[PDB]
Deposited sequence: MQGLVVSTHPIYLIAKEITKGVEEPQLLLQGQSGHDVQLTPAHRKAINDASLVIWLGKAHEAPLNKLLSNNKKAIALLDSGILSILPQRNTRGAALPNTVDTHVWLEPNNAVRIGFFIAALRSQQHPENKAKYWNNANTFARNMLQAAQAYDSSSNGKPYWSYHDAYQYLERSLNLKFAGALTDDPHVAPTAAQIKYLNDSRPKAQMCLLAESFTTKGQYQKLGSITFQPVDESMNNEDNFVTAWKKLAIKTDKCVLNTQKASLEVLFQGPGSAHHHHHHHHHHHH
């Protein structure tokens, strides 16, 4: 029956594509999650790299399309806390790249259009409008590299757009405290005196501008509005 979408940023893209046709259902906000999947006609999830607990049900479900495994996205590898790439890995934070958000939109339009050909014209026009909005937002950024640190490495896909230079991360896993060695490493390798530090929430490294940036967009109802706010907050942190 309905489109089901694992994550909130991907649910906000799905909402624009389906606007005026149907309402997608966010899965992760259990057996109620299970019920929504059995009843779904299409399930969009990032894939076993982003949701390892969901992997069981969705990996073997023919209506479930894993965006990371589709070959539609610009995929970047994971990085260590010093910015080196890890071989054969995939950074899952793909939606912060505006071109990836657009690719996700046109892919959703194509998937739902095959299932409901009676709404094909509106699924594709929404994808066009979402694409126009996302690209207009991105063209506001054209400039020298801007260094920045993150608490953990969640913003790699925002760097092409805002010309950010990754100077390192405090921890490889947000559940692991940063080491005194990594803090010292970052402090002594400082590209600049005042360093922007991005983290998920407000909740020894020296002179820093601390800016919370929620890639998951949890308190937003429009993807491009959410992206424009993340981008302008990030740009001000790195230029201040």
item	value
Regions left out of the model, expressed as runs of the deposited sequence counted from 1	1, 31-39, 153-154, 216-221, 259-286
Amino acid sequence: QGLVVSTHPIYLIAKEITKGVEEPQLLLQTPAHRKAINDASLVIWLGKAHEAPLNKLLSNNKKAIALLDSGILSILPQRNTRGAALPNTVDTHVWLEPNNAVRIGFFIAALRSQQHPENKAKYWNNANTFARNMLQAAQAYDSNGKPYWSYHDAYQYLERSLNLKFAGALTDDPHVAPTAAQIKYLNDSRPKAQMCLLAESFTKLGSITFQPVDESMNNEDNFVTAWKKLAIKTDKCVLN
From here on, numbers count along this sequence of modelled residues.
| item | value |
| --- | --- |
| Average Cα temperature factor in the PDB entry - higher stretch of 112-120, 163-171 | 112-120 |
| Mean C-alpha B-factor comparison - 65-73 and 46-54, higher one | 46-54 |
| Which of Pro98, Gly83, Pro87, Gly145 ranks first by CA B-factor in the deposited coordinates | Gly145 |
| Within-chain third of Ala40 by Cα B-factor, per the entry | highest |
| Ranked C-alpha temperature factor of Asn240 among modelled chain residues, by third | highest |
| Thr18 - which third its CA temperature factor falls in, relative to the rest of the chain | middle |
| Chain-relative CA temperature factor third for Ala193 | middle |
| Third of the chain's Cα B-factor distribution that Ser150 belongs to, per the entry | lowest |
